[PDB]
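*Asks:* Provided herewith is a single structure, encoded as structure tokens, for subsequent inquiry.
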Protein chains: 2
Amino acid sequence: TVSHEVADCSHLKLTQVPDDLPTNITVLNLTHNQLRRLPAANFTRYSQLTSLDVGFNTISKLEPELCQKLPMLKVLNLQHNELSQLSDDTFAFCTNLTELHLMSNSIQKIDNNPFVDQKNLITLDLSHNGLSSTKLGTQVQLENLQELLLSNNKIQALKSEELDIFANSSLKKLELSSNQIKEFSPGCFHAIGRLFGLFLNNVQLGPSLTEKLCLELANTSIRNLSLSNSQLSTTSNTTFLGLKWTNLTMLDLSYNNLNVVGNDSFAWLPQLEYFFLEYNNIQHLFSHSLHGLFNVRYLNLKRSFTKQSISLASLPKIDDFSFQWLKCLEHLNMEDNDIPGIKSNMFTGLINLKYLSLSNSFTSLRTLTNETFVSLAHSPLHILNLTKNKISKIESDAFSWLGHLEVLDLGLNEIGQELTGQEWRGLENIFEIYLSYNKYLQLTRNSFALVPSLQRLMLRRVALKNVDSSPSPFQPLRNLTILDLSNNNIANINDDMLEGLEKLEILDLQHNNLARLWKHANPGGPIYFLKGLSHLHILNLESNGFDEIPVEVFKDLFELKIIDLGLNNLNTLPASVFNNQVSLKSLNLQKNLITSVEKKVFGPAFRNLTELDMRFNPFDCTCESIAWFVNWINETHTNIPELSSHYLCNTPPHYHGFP
Amino acid sequence: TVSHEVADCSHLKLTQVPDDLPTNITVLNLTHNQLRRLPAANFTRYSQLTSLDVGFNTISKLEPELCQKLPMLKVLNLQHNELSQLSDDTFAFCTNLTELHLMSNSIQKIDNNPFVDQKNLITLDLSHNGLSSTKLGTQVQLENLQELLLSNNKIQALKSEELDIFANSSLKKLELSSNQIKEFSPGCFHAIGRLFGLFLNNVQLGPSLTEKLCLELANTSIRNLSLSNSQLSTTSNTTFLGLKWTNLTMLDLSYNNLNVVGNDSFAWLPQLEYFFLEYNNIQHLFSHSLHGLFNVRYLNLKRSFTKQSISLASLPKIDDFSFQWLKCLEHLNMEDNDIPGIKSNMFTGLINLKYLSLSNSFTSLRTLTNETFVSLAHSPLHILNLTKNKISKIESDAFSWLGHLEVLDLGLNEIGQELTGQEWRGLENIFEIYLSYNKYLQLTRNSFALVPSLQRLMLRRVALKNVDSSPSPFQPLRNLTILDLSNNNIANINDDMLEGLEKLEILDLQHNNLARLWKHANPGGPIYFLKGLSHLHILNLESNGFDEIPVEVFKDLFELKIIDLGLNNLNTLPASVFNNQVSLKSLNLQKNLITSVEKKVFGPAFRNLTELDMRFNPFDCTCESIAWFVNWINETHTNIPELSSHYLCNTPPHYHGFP
RNA sequence: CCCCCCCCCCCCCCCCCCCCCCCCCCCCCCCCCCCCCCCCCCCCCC
């Protein structure tokens, strides 16, 4: 029962409220308890409460005296309780309350007038209850109420008189989800003075009931409308006609199993701004299917189309000119589809597009020809995602039509080819290119020579070839910042590989084979491939097979902060290597063969750090090899994990395993 | 120039013979020298020589005085020299010689009588010379000569008078290989009193010349005849008619490119005993093709048939009943063929067969049905080799017709199935079964229950499955001796796996995964799967991932001699484990993580050995961990390899790498 | 001036074997989360 400023009593299995807490407590949490009853006589001590979070209990009934002991209470949380009876005196004396949760309270019926006398409520919750009608009063009250929740109830009708108690209130959210509503009375929503947002998730409406609902929703100020999982199989040109007279902006059609969309279906929403079609079953989209949507600014189409079936091969076809009417479209999420491929004229008309995500959108986009993105010629694209598309090859001038492209994501593909360098033609302002997890790439001396402005390059588990060319392919990228070359089994790197990239900061080189490149027995001497990068910050060199350290590799990283040498084969290290790393922060040397750590090699490294990772090391417990290290450990401030569990010696056997 | 009893001077680049050797030397070797001449005046000291091996020199001429200094000389070796002139006085005074090599001596012509006066020669060599005729005398001499070599010469004729100088000699071997002989004079071999063996390798005879030769070889005592690489494309029923009148037993037809054999071709050799057809190009063998061979006891057919060609698919077909006439056949080597498969009645009639090798004999013998070996019903087979036949499956009762089979070799196949146990039915006296290098085998509780007499089982890199069954499959083999279970990645073994096999001696278990089976943290305790084998001798347990040693596994191997624990992960070992191994001979503990070896654990192991393998061990140089070991090394007799190269410590750094 | 016979030394190519490092895939576990189901005990409501 820890309590300093807020009080929490979750998972303590209380029976009665504690009598020993600070008087000035503002937050009181008593979830996951067994309070059969809540007498108010124990609330005399607590006279400064603001929040009362006592859900997940078995409280039978409440008394008005509790309102006397809490005159400044703000939140009354009563989820999952047995308050099956409500009266006027139940919430009478409480008038300063602004929150009221009655979720899963098994309330049967509202009798006369339980909430009339108080007016400071902003949100009312009545979810998972046994209510059959929305009758919560007779006269008008709850002027300040804006959100009403009535989901998961047993309501089957919405009569006009029922909402008459909100004749002068502004409704931001009217939650009526999962209630088997089968009819709508005329004028029921016109009884609401100001209706802004409406929710009917998991409500079995269907086509005709949606027609009648839209006819009812006419001449109101609605902006939000969610009809998710309403089993709306088909829409037509008159489905949302009643929404012509309003100014709706956000509309949801997720999980509705929408098989087909009629022509000019959404012509009655000129003011729509957001529109959601995730997880549908569309088989064919027509040309004028999205007509009248010249103001949509955000469209989601994740898994909106039918998956391929071997019985019929019902591949979802998208006709040409289909997105012409989305003049102000600014975002298109188009993931997890089974579209056979891109046509020549699909995305014409998007004059203000800024985002297109195509992650796993196509079953077989084998080749990226130079005519694939011609429909994106005038669209000012900035981010393109081409992940998990099973793309096999990229031809010349594939992205030449993307003039203002800045981010390209080609991860998790099946690209096996040689980068001739003509792919990035026309990318005059490109910044990032992602190419991780491909089949194989064989770079060329001028692979990235066509894009000076590139700053990022992700090449993890891509299995590069000919990276050891005499001219360095990464040299022309005169402003590169992040480079990842992990999981590639790279064996040879040249000394002139990375000069001129003065702003390079992050270099990840884990799980490779550079053991030969650093041992002095290598012909021509060890390769010094980390020279010239003045502003490098993050370096990852774990699992390389390194057995020796050339003394002048880290001599130019004047601002290095994060270095990683785990999973290596290092046993002894030459002294005076980390001298110029004046501000090293994170050193990771786990799962190595290190047997002796001492000052003249790791002193400047241990100058001012923040994290050390030296978990699985066979240390030798000897004053020549461990004494200075344990001296450094004894007084320290570095965040070092698992020091008392895995920092165990190996030899001599007398001190085997003793920290 | 080391010389104790024999003298060797090979690869010393001598100019003249040494003058300082023991007088009683019997063997004198001076190969690979530059002796321009060999004066006899330096041979006064050497008066007890028996062998004179002075080949690979540049000796111009010899003098008869050398014979005076060596009266008991036996061997005169003069390969590759410039003795282009021979006379009667050249080998006159030498009469006790019994060996004479004149290979590659560039001898042009034999003038009058160089070898007449001496008679103790048994072998005469004249290979790689420039002789044009076999004239080596006028009268009769060389009564005791038995082998004559005349290969790689420029002889083009064999006249009858030419061999008249051997009218009363027994010729065991007449080597005339690679001489372009184009005619044969009648009576040339009848001039030889007793001709036994004849060689004509690499001689362009062809069919008709072979006919004439056989007609000439009539009425002689020949036994050996090699016609290898004679470009004999075709034979007929009368090819060897002249050999009817002799008693030939061994005949060679290797490398002759024999495309087809006529019917009843070998009907003229009732006394043949050995017969060689390796590396031929036979396309089709007829029924009566081997008629008249009822006495052949050893036949070689390695690569005797045509390989498959995609142009025509000329698969070599063997007709049925083809081996019926080989009544006394005792050995058939039948490797490296491209036979499509075995027919139902191929090997009938072999009443005394004892060996059939079928290594890589068939391109696609996918299934071993129960009717494959029906033709081998009455043949007393003892060894069968079925290696590299790409056999995919073995069905029930496949070897049921091999009543007296003792060895079965099924290695290097593609067998992926489950051994139901019915395969070995009828093998009432089987001893060894080899099954290494297969795809996958899944044993059954009664896989080997049908053959009590089995003694060997090779299962290397076979990837066994369900070896951890509750009843042990290897239990019924009540006399097993050798078991190999390497390269299988076996993970689980039961404690009741190998009881009752009291005579088991060799058990190889390398490159597996038994790390869990021995660590004490395993549920149920470590598995003691080596209990009961009283007479085990050879054990291989390298590369298993072992990290701990249960103390009572090697307690019953009272006669163990060879144990292997290399490539493991052992770091420290519990004491008193090798107590009962009173006669351990070979201990292999290379490439481990051992850091301390000392007496109470390895003392009884180091009692009386013969070989220790502890090459790559990270030792800890400390008197608690290395002092007793180096004490044991300092005085020893065990054959321990590479002690001064790889026995280097790891910690502390002061003694890193110092032996 | 030509053709051959060597001895010695230095390179190139191919094949085989062995060793080290690493990657990918798979197997045997062990651990931490997520979800579902079943069972036991206790406290209440209708």
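Just so you know, the numbers here start at 1 and follow the chain as drawn.
Every residue gets a Cβ built from N, Cα and C, even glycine.
Per Swiss-Prot, the features are:
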DISULFID  A:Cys67-A:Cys94  disulfide bond
DISULFID  A:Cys621-A:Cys649  disulfide bond
REPEAT    A:170-191  repeat 'LRR 7'
REPEAT    A:404-426  repeat 'LRR 16'
REPEAT    A:479-500  repeat 'LRR 18'
REPEAT    A:503-524  repeat 'LRR 19'
*Asks:* Using Cβ-Cβ distances, find the residues under 8 Å from A:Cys67 (disulfide bond) that belong to the same chain and are at least 6 apart in sequence, listing them in sequence order.
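*Replies:* For A:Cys67 (disulfide bond), the qualifying residues are A:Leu73, A:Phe91, A:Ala92, A:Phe93, A:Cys94.
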*Asks:* Including all protein chains displayed, how many Cβ atoms other than that of A:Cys649 (disulfide bond) lie within 10 Å of its Cβ?
*Replies:* 22
*Asks:* Other than its own, how many Cβ atoms are within 10 Å of the Cβ belonging to A:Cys94 (disulfide bond)?
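*Replies:* I get 20 for this one.
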*Asks:* Specify the count of other C-beta atoms within 10 Å of the C-beta of A:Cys621 (disulfide bond).
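*Replies:* If we count other Cβ atoms within 10 Å of A:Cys621 (disulfide bond), we arrive at 21.
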*Asks:* Which of the three DSSP-derived classes (helix, strand, coil) applies to A:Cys67 (disulfide bond)?
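*Replies:* In three-state terms, A:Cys67 (disulfide bond) counts as helix.
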